[PDB]
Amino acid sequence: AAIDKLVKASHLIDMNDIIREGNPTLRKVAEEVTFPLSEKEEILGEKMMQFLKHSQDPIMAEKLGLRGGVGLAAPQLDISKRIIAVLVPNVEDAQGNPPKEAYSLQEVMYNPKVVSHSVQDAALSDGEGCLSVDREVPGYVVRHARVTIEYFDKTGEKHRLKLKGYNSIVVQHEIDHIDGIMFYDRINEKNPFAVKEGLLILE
């Protein structure tokens, strides 16, 4: 099936492995994974993280024809499993010095979920994009400002983590994918740029 092609040792995930808006797998509730993970599930997670590293590297992205990205969920690869990868880089200072930490978040998460969140909502000022959507979609994607999540890593170890800012937005976006929700589902239907009072707009 699709997962066998994806986990071949020499196979690199690229845009042609990513399904498109309209494909029913994007609207399903993905199946939880069981531990211990199968080798396929473990390698899939690793290929997904490799895809994010490549997409953020100017040469490899160029070589493989990749759009820069900070997250991917398995349903985007036509695999209906609760697996996501997130990779959010820190940025150089104005003198060109690399950050202390290369990434503010780097994880492959199995069965992630939000277990609590802030009453306050937030949205990226620039809106959101999606590897599976080849349209322009304007508007504020209203999400929780802060969340506490739970997930398991490839070893089966459980983690509990609080997130805010951009990291909170990114994980919420990927978890939506494993629940069959798309970012534009969270954009006001009548005025994409409406702002309910108290909405935290992130630059």
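Heads up: residue numbers just count along the shown sequence, starting at 1.
Higher mean CA B-factor, judged across 70-78 and 119-127 from the recorded values: 119-127.
On average the C-alpha atoms of 19-27 have higher B-factors than those of the other stretch, with 19-27 and 175-183 being the two compared. Ranking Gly65, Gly165, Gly139, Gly156 by the C-alpha B-factor listed in the PDB entry places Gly65 at the top. Considering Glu150, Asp57, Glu32, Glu46 together, the PDB entry gives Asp57 the largest C-alpha B factor. Among the modelled residues of the chain, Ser132 sits in the middle third by CA temperature factor in this PDB entry. Annotation for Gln95: C-alpha temperature factor in the highest third relative to the rest of the modelled chain, per the entry. For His144, the recorded CA B-factor ranks within the lowest third of the chain. Only modelled residues enter the ranking.
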